[PDB]
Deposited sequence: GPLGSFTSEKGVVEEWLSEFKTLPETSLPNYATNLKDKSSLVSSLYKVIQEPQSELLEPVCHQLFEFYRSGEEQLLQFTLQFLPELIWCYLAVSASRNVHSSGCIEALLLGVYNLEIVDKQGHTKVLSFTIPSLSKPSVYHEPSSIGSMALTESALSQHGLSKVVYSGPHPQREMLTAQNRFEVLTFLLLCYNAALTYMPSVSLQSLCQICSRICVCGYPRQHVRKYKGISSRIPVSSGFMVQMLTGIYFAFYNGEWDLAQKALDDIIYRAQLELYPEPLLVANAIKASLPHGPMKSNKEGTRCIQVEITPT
């Protein structure tokens, strides 16, 4: 209805969102194509418009994966974004803007992928989540909520805690990379101090839970830091 009207329809950049969410959850093609077309254009606001639907798209992809448009969209955006992301590490021995007394790479370089495979898909998803974290301030509260709920659901899906959380649907353990959980923790940390305290709490707890089950040192480490830093 409204979605179709949106399809048929700079000024453009400046209920529809909910309906689009419902389209993503329920198993679509023109929505994915229009979102990819949004990301293809230069204007950043459209990039942000697609970026809010990113977590729900990822969750849908993984959910379908447990038991062809969304994967195409994610992969397309992935190729669109991929570049080497490096930051300098400060030294106190050198005069700084704040006081008087080497480049390191955290992401890159990622290769272009025509197809999603079991190994590359989480490099892809982790990188996409990093891109999501890069523009976190411009993200609406609803998208942050979806992010938290989805991190939780992914973390506890095939595990006993799912039943405790009363998540209903597919109960299959989704294999997850460590870096993915780290990138989760970035967004969850952001969500904590932007009004979504409770959902970020559950998400954090579940990330710690899964990181303990998966025996992942780094997500457990960061999440432990976040939990300890909490007031």
Checklist outcome for this item: The record leaves without C-alpha coordinates the deposited-sequence stretches 1-10, 20-28, 34-39, 53-56, 97-102, 118-124, 144-161, 292-312
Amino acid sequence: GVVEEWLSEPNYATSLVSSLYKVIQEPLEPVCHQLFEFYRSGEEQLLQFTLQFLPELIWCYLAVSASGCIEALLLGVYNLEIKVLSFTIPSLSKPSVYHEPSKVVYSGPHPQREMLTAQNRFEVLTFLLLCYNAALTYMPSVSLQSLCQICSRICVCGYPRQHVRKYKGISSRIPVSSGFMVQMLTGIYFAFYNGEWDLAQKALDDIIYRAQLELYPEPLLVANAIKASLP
From here on, numbers count along this sequence of modelled residues.
Checklist outcome for this item: The stretch carrying the higher mean Cα B factor in the deposited entry, 133-141 or 151-159, is 133-141
Checklist entry - For the C-alpha atoms alone, is the average B factor greater in 73-81 or in 123-131, going by the entry? => result 73-81
Next on the checklist: For the CA B factor values reported in this entry, which option in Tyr167, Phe192, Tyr61, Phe36 has the top one?
Outcome noted: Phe36
Checklist entry - Of the choices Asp206, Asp198, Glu43, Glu56, which one's C-alpha carries the largest B-factor in the record? => result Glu43
Checklist entry - Compared with the other modelled residues in the chain, in which third is the CA B-factor of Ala228? => result middle
Checklist entry - In terms of the chain's CA B-factor thirds, is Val182 lowest, middle or highest? => result lowest
Checklist entry - By the record's CA B-factor, is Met115 among the lowest, middle or highest third of residues in the chain? => result middle
Checklist outcome for this item: So, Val176's CA B-factor, relative to its chain, sits in which third? The lowest
Item to check | Record-listed C-alpha B factor of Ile188: chain third | outcome: lowest
